[PDB]
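A.B. asks: I'm passing along model-v1.cif; it holds mmCIF, C-alpha atoms and all ligand atoms.
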```
data_input
loop_
_atom_site.label_atom_id
_atom_site.label_comp_id
_atom_site.auth_asym_id
_atom_site.auth_seq_id
_atom_site.Cartn_x
_atom_site.Cartn_y
_atom_site.Cartn_z
CA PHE A 1 25.86 -84.74 -7.59
CA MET A 2 23.64 -85.14 -10.70
CA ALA A 3 20.38 -87.06 -11.19
CA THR A 4 20.10 -90.35 -13.10
CA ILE A 5 17.36 -92.86 -14.00
CA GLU A 6 18.56 -95.13 -11.19
CA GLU A 7 18.26 -92.38 -8.62
CA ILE A 8 14.75 -91.33 -9.76
CA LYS A 9 13.58 -94.95 -9.39
CA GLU A 10 15.03 -95.11 -5.93
CA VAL A 11 13.98 -91.68 -4.51
CA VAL A 12 10.74 -91.10 -6.44
CA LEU A 13 9.21 -94.27 -7.77
CA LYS A 14 10.32 -96.92 -5.23
CA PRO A 15 7.03 -97.08 -3.26
CA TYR A 16 4.95 -97.65 -6.36
CA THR A 17 6.90 -100.41 -8.15
CA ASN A 18 4.30 -103.07 -7.22
CA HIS A 19 1.13 -101.02 -7.66
CA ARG A 20 -0.98 -101.87 -10.55
CA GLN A 21 -2.92 -98.68 -10.22
CA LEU A 22 -2.20 -95.29 -8.72
CA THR A 23 -4.53 -92.87 -7.05
CA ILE A 24 -4.57 -89.20 -8.03
CA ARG A 25 -2.73 -88.35 -4.81
CA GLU A 26 0.06 -90.83 -5.48
CA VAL A 27 0.48 -89.43 -9.03
CA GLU A 28 0.70 -85.90 -7.59
CA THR A 29 3.23 -87.13 -4.98
CA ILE A 30 5.44 -88.51 -7.85
CA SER A 31 5.44 -85.19 -9.76
CA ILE A 32 6.23 -83.25 -6.59
CA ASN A 33 9.09 -85.50 -5.59
CA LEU A 34 10.47 -85.50 -9.14
CA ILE A 35 10.33 -81.69 -9.48
CA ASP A 36 11.94 -81.33 -6.06
CA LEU A 37 14.78 -83.65 -7.15
CA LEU A 38 15.29 -81.67 -10.36
CA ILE A 39 15.73 -78.34 -8.54
CA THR A 40 18.22 -79.71 -5.97
CA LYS A 41 20.18 -81.50 -8.75
CA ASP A 42 20.75 -81.27 -12.51
CA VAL A 43 20.10 -84.13 -14.92
CA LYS A 44 23.25 -85.98 -15.65
CA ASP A 45 22.83 -87.09 -19.22
CA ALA A 46 20.71 -87.54 -22.31
CA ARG A 47 19.31 -90.90 -21.32
CA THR A 48 17.96 -89.55 -18.06
CA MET A 49 16.50 -86.47 -19.82
CA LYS A 50 14.68 -88.78 -22.25
CA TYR A 51 13.42 -90.94 -19.36
CA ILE A 52 12.00 -87.84 -17.47
CA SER A 53 9.66 -86.91 -20.25
CA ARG A 54 7.25 -89.69 -19.37
CA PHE A 55 6.58 -87.94 -16.07
CA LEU A 56 6.19 -84.36 -17.45
CA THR A 57 3.44 -82.44 -19.19
CA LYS A 58 4.34 -79.34 -21.09
CA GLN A 59 3.05 -77.23 -18.16
CA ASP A 60 4.93 -79.24 -15.49
CA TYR A 61 8.08 -78.61 -17.54
CA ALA A 62 7.42 -74.84 -17.68
CA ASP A 63 6.91 -74.90 -13.93
CA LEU A 64 10.16 -76.92 -13.54
CA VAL A 65 11.95 -74.12 -15.37
CA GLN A 66 10.41 -71.48 -13.07
CA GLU A 67 11.27 -73.33 -9.85
CA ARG A 68 14.82 -73.88 -11.13
CA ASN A 69 15.22 -70.19 -11.84
CA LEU A 70 14.08 -69.33 -8.21
CA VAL A 71 17.09 -71.30 -6.94
CA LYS A 72 19.31 -69.63 -9.55
CA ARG A 73 19.57 -72.50 -12.04
CA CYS A 74 19.37 -72.32 -15.79
CA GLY A 75 15.95 -73.59 -16.81
CA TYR A 76 17.35 -76.42 -18.94
CA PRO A 77 17.65 -79.36 -16.49
CA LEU A 78 20.99 -80.67 -17.97
CA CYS A 79 22.68 -77.36 -17.14
CA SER A 80 24.56 -76.52 -13.95
CA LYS A 81 24.82 -72.77 -14.60
CA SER A 82 22.43 -69.95 -13.62
CA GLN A 83 20.22 -68.06 -15.93
CA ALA A 84 22.28 -65.24 -17.37
CA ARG A 85 20.11 -62.47 -15.78
CA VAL A 86 19.01 -63.61 -12.33
CA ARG A 87 15.94 -61.62 -11.33
CA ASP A 88 16.79 -59.34 -8.39
CA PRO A 89 13.82 -58.82 -5.94
CA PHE A 90 15.16 -55.35 -4.85
CA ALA A 91 14.02 -54.05 -8.24
CA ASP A 92 11.44 -52.44 -8.90
CA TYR A 105 16.16 -60.57 -24.95
CA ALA A 106 13.69 -62.06 -22.50
CA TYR A 107 14.96 -65.73 -22.49
CA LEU A 108 18.14 -64.64 -20.66
CA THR A 109 16.04 -64.35 -17.49
CA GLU A 110 15.35 -68.14 -17.67
CA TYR A 111 18.42 -69.61 -19.41
CA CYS A 112 22.18 -69.16 -19.40
CA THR A 113 22.26 -68.73 -23.24
CA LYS A 114 20.09 -68.62 -26.36
CA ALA A 115 21.25 -72.15 -27.14
CA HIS A 116 19.73 -73.46 -23.84
CA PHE A 117 16.59 -71.46 -24.56
CA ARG A 118 16.29 -73.41 -27.90
CA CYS A 119 17.22 -76.80 -26.41
CA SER A 120 14.57 -76.20 -23.78
CA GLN A 121 11.86 -75.28 -26.28
CA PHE A 122 12.89 -78.26 -28.48
CA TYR A 123 12.41 -80.60 -25.53
CA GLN A 124 9.14 -78.98 -24.36
CA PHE A 125 7.57 -79.05 -27.80
CA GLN A 126 7.78 -82.83 -27.70
CA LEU A 127 6.23 -83.37 -24.30
CA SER A 128 2.59 -84.57 -24.12
CA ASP A 129 -0.30 -82.67 -22.58
CA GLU A 130 -1.89 -86.00 -21.50
CA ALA A 131 -2.40 -85.87 -17.78
CA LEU A 132 0.02 -88.00 -15.82
CA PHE A 133 -2.89 -89.76 -14.21
CA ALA A 134 -4.01 -90.86 -17.78
CA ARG A 135 -0.62 -92.38 -18.63
CA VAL A 136 -1.39 -96.05 -17.94
CA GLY A 137 1.44 -97.79 -16.12
CA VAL A 138 3.94 -94.84 -16.36
CA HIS A 139 5.19 -95.69 -12.90
CA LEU A 140 6.21 -99.21 -14.07
CA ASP A 141 9.60 -100.47 -15.18
CA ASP A 142 7.95 -101.94 -18.31
CA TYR A 143 6.27 -98.73 -19.57
CA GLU A 144 6.80 -97.94 -23.27
CA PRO A 145 6.62 -94.30 -24.32
CA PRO A 146 4.74 -93.47 -27.46
CA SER A 147 7.92 -92.21 -29.09
CA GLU A 148 11.48 -91.41 -28.32
CA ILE A 149 12.09 -87.86 -27.29
CA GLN A 150 14.90 -86.07 -29.19
CA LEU A 151 17.43 -83.74 -27.53
CA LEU A 152 19.00 -80.84 -29.40
CA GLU A 153 22.80 -80.67 -29.49
CA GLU A 154 23.97 -77.32 -28.08
CA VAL A 155 26.24 -76.78 -31.03
CA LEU A 156 23.15 -76.86 -33.32
CA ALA A 157 21.13 -74.61 -31.06
ZN ZN B 201 22.04 -73.41 -19.31
#
```
Do you think you could lay out the structure here as structure tokens?

C.D. replies:
Amino acid sequence: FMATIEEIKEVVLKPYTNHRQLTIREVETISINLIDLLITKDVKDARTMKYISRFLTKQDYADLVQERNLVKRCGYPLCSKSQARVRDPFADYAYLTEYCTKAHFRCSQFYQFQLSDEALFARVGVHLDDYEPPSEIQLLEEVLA
């Protein structure tokens, strides 16, 4: 139904649990499999959303949002609605084309602003169960957005 930390470890990271170093191709394979998972499914909860951030640059997140919109999902990964204005190809304010609401626009920006532009490949040991992020990512409550 919805994606969790446990699932990501199993369907994305499982091959790499015993690697002490990753190649550039293996890092790319992780991002692709993670993005793929997050367009087929929505993120179940806050804890998973905070876990994700270690695998996303600000640009990978923007691309996540785009790919989610192409399958008619609200850009904000915790959401299971569509963007409010799904782009019709037979033709021919702006945030409503990417999000269900202004609130999800803001939650999405709030999350993105905190993501790092450090390349995934430069994030030493991010694939490991013992990795420690350089700060805890904050999620904006919808009511405050
Ligand atoms: Zn939404």

A.B. asks: Neighbours of ligand ZN 201 (chain B) at 10 Å or closer, counting all atoms listed in the file: which residues, as a PyMOL selection string?

C.D. replies: chain A and resi 73-84+108+110-117+119-120+154

A.B. asks: Can you tell me how far CA of residue 121 (chain A) sits from CA of residue 109 (chain A), in Å to one decimal?

C.D. replies: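 That distance, rounded to one decimal, is 14.6 Å.
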
A.B. asks: Quick one: distance from CA of residue 71 (chain A) to CA of residue 107 (chain A) in Å, one decimal?

C.D. replies: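 CA of residue 71 (chain A) sits 16.7 Å away from CA of residue 107 (chain A).
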
A.B. asks: Could you check how far CA of residue 65 (chain A) sits from CA of residue 39 (chain A), in Å to one decimal?

C.D. replies: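 CA of residue 65 (chain A) sits 8.9 Å away from CA of residue 39 (chain A).
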
A.B. asks: Need the shell around residue 17 (chain A): protein/DNA/RNA residues with any atom at most 9 Å away, counting only C-alpha atoms. Skip same-chain ones fewer than 3 positions apart. Format as an MDAnalysis selection string?

C.D. replies: chainID A and resid 9 13:14 20 139:141

A.B. asks: Of the candidates A:35, A:54, A:23, A:85, which shows the shortest atom-to-atom distance to residue 11 (chain A), using all atoms listed in the file?

C.D. replies: A:35
